[PDB]
DNA sequence: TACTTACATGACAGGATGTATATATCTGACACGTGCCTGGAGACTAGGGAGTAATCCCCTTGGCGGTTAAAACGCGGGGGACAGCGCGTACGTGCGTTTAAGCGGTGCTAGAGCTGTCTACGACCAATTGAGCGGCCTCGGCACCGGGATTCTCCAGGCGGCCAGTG
DNA sequence: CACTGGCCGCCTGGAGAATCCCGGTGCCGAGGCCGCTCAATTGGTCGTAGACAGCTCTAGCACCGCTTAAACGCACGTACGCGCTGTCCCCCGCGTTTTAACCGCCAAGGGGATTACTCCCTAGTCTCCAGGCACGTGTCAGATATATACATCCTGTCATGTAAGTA
């Protein structure tokens, strides 16, 4: 029930696949851990917002509405999840 | 009555001092005409909407409030003129 | 027993059939269409509301939304939306 | 005389005299403070209005504005503004 | 002698594949675990709708896609092809992060 | 021999002056002429508040100043100190314009 | 003190004598292995290379000036 | 004793619901009053935008020779139109991927 | 026998107007109904933000040996607090100029 | 200094495999028929927001003379960009292994969500006022002008390495 | 191979210049005062929004067993950054000349703003009715699987330029 080191769960080839979809030929080795950190900070932002939406809603389960709405506020609007 | 060339009205030393406020130590020679065009495009985006505000209000006089609204709709909000 | 959840299914369905008699749609593309029309409606409605507040107008007319779609919709889409909306209010007032 | 143009002038002047007895203010700085209070009021009120719509709530209360502070205001600014919000509302409920 | 491609063409075949294809690029379970780990630090005992987890999945992949396009522009700006930490720092700082 | 400063030194003093200074850097009435020229392209014979022209001038200076912040960042990104049109285009593209 | 670095450059180019000429970085690392403070003597190595090319004792393989590759003469 | 109900969607000749757009405008709380022509104009704009993007989606799907449009087709439609890309610059389409755009230096030779 | 007209800002111990912010919530048309503690809280947040930024403005004025706040002091107070900077990243101060910052590459050795 | 020869390199063909192309299948995802009831709608009405007529004044536009600060242009020159070129590494790519993601199945439950209650809560209306705003007025903080130090910057001369000369 | 004097790269002091700092002085915007009015207040009333309680049900979490796809680690490799230097050229700095921006001063009038009138329209409510969504089902488009065919990428081979070895 304790979760300790899940930032390493976003594997290095997963980052390679992400950069391939973004259109990258070559990825340095220093890239993976800081993109883990950057994505970490990004989820800190959006999940902090969604947690505030959640505790404002007096529910205990984070929903897709809270996700898409938190992305919507930050100029990162997402389609396809009931918005 | 008609005006043909005020793009050169934003002189090269004016662009120089703008970039000096911008922290630019050295400016290429090809910068000035491009920034004149870029400012012209930015003013297209602002002034077209500011005009649309004015004949939305059926006014002939362009007001500072319309300019403030047009800037803040682009997310480039200007303080000091509202009210 | 269930509660009704509103969507923009049938309208997008009739439009896609009208512009393409033979072409179908997936469910996820339908969700993205629902999200798109909701987003555009909220943008135009918010900008119309702000235009209403800025000239101290408590009413929203087609002039207000015309101003808004002139603000948001870039270039050629603006004049085409002006054309269809003008024709639409033309048939609405004539009937 | 003309129509009165509302401002936040004497209010910000009282705040300055409370925080800095000997420091003055300029008129352009006061216009920027009017722009500040109007902009922050606009941001908080707009996001809290959307929060009211999202939970299908007809009421905006101190809870919605508090949550809006947690979204918009960063970090220690957020939690301190929460602290003075709670002291203000407890003083108001105690009249 | 067994076949071996020169460096780069496997990368471009990947480029064409995952730009042509659409599917999710992060393994779903460790992403879900990372999200639960982060949300545990903010408010305790959170559960997640599965659709919310895939929503963070799509949004995170697209966010990284936008960043990696920006770092691609930064790298080709700097006469390079291999991106560096200062490229992501530039992209975030120009965008205002 | 008359006294003579090296290049960039006067530029650096100009730098520290213009972040030290607060006044407008665009000439007022030529900017008024430019904004009237742009305005008459949309609606002819428009009239301007002087405060509106000053607000447009302040916003234009703000836009260009922030644009050259990003441009200077992109220039030092490419190990250069003199900005180029590709720096401006890069900053404008990454910003989302 | 010791000898001047012209003998150092000749020793650095004569240590290997591979198919192409030796580059500036390789000869500087060679003098570092032989022992010299090359950090404050970059223009020294530049003038040594340019001077030794100009006398014709050194022939430059592909590069220009102090850049590129340097190889020994015919005899 | 009463006239037959005939919708303003049929009055304007637009398949988008005038009544539903008016209801969402009233309950989206944007003004105290809304003029009757405003939802008609808004629904016309909405139907034009949907018709144009669905036209591009159907054309792109026919280009992929597939009779049903998918989110990939929506991404291909949106990113290939400069005015739609201006309208949807910061908007993300789910499971649509990205437009194939390889920079010119990335190609070999 | 009507009571004395007391003010809600003084009731809450504030300087910013509870009444005017409440009226602007009613007239900004943001909800049909507004909770009573909401304008008090919003005025508290506004007064605290203005209190910190005026405190930093007075401190910057005392730093520049000026007894009066100039908009340059306001811009220096915004940009020297990184959290206030993140609050107001997109907002430009009139006549504030820009914060003095030179990249270290630009500076000579 | 020309003769000869082997090696780097461009031109051209060929295999292998990854991708493009053709055909079966089956399945579940799309699409269509039903019930329905909820959301749209038509008539009437109370009433108000906005459209329109009039004015005035003031704030914008237009115009003229003077100053000079800002611009424009040329010379000069340094520094900035950048092309090239080895080097050295730092990922790219292939291949075998671990394993953990993924899929399929089962069970619990906790929380999401719907529905009756009602009570706190907030908006609304008549009357009343006192704090905030428009205007005026004064004056001293501050803008501007004038003079002396200081820091900064750049160059003249002066020292150390060094490179050429010599014994 | 050691001694040694001149020549270039670097250290240092000093002169001029831009700015900092110290005064004086006049001024015009900041602050303070006064009249006013209008917007906040208060108290009763009335309708109602959401908190609460409780029930139901459903999807989210946990557990488990296979089952490979992929994560991973290692090894060979090559290609990419990139540090450095040489070379060219481009833009800052400064001086002089030009010129229009600013000021400031004055005329005039265009429309912004305000007030008044009056009515167009729009929201509300009872009633009615029909369209789109849950629900269910059926059914072929496309994913998958399998079998062909070309593209292309690497590699092998031929021709050739060219540097090297050589008489």
What's the center-to-center distance, using Cα atoms, between the stretch E:1-68 and the stretch I:86-102 in Å?
37
Could you pull the Cα extents of the protein assembly as shown along its three principal axes, largest to smallest, in whole Å?
120, 74, 71
What ranking, highest mean first, results for peptides B:70-77, I:54-61, E:22-29, G:61-68 when packing means the other Cβ atoms within 10 Å averaged over each residue?
I:54-61, B:70-77, E:22-29, G:61-68
Students often get this wrong: which residues of the stretch F:83-97 have the backbone nitrogen under 19 Å from the point 7 angstrom along Cα-to-C-beta of residue B:33?
F:83-90
Over its Cα atoms, what ratio of radius of gyration to 2.2 N^0.38 Å does chain E give?
1.40
Provide a whole-number value for the mean count of partner chain Cβ atoms within 10 Å of the Cβ atoms in peptide D:6-14.
4
Kindly express, to the nearest 10 degrees and within the range 0 to 90, the angle between helix E:28-40's C-alpha long axis and the longest C-alpha principal axis of chain E.
50
Copies of residue H:26 compared via label points 7 Å along Cα→Cβ give distances in nm, shortest first, of 2.4
By DSSP, what percent of the beta bridges with both residues in the protein assembly as shown are antiparallel, rounded to the nearest 5?
20
Listed highest first by mean packing, meaning other Cβ atoms within 10 Å per residue, what order do D:73-80, F:83-90 come in?
F:83-90, D:73-80
Normalised by the number of residues in chain F, what is the relative contact order in percent for Cα pairs under 8 Å and 6+ residues apart?
20
List the relative contact order of chain D as a percent without decimals, with contacts defined as Cα pairs under 8 Å and 6+ residues apart.
17
Compute the acute angle (0 to 90°) between the alpha-carbon long axis of helix A:31-57 and the principal axis of greatest extent of the alpha-carbon atoms of chain A; round to the nearest 10°.
0
Cut-off 10 angstrom, C-alpha nodes, Gaussian network model of chain C. Which of C:42, C:84, C:64 fluctuates the most?
C:84
What is the calculated FRET efficiency for residue D:2 to residue I:7, with r their C-beta to C-beta distance and R₀ = 25 Å, to the nearest 0.05?
0.45
Give the nm distances, rounded to one decimal, from residue H:6 to the matching residue in every other copy, measuring between label points 7 Å along Cα toward the beta carbon; shortest first.
6.4
Between the Cα axis of helix B:64-73 and the main Cα principal axis of chain B, the angle (0 to 90°, nearest 10) is 70
If contacts are Cα pairs under 8 angstrom and at least 6 residues apart, what is the relative contact order of chain G in percent?
37
If you draw the axis that swings chain B onto chain A, which residue of B has its Cβ closest to it, and how far is that in whole Å?
B:75, 4
For residue E:81, inter-copy label-point distances (7 Å, Cα→Cβ), nm, shortest first, read 3.2
Inter-site label distance for residue F:29 and residue H:105 at 7 Å from Cα along Cβ, in nm:
4.8
Taking a crude spin-label model, label points 7 Å out from Cα along the C-beta direction, the residue E:20 to residue D:18 distance in nm is 6.7
One finds, for residue A:12 and residue G:33 with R0 = 35 angstrom and r their Cβ-Cβ distance, a FRET efficiency to the nearest 0.05 of 0.40
Label-point separation in nm, residue D:59 to residue G:41, each point 7 Å along Cα→Cβ
8.5
Estimated 222 nm signal from helices in the protein assembly as shown, with DSSP H stretches of n ≥ 4 weighted -39500 (n - 2.57), rounded to 500
-19500 deg cm²/dmol
Within 10 Å of each Cβ in I:58-66, the average number of Cβ atoms from other chains:
3
Mind checking the full-extension length gain between residue G:51 and residue G:71? Use 0.36 nm per residue of separation minus the Cα-Cα distance, one decimal, nm.
5.8 nm
Other chains' Cβ within 10 Å of G:50-58 residues: what's the mean?
0
FRET efficiency for residue G:59 and residue G:1, using Cβ-Cβ distance with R0 set to 22 Å, rounded to 0.05
0.15
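Bear in mind that the values in this text are calculations on the coordinates, not laboratory data. We place every Cβ from the backbone using ideal geometry, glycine too, and count neighbours over all the protein chains shown.
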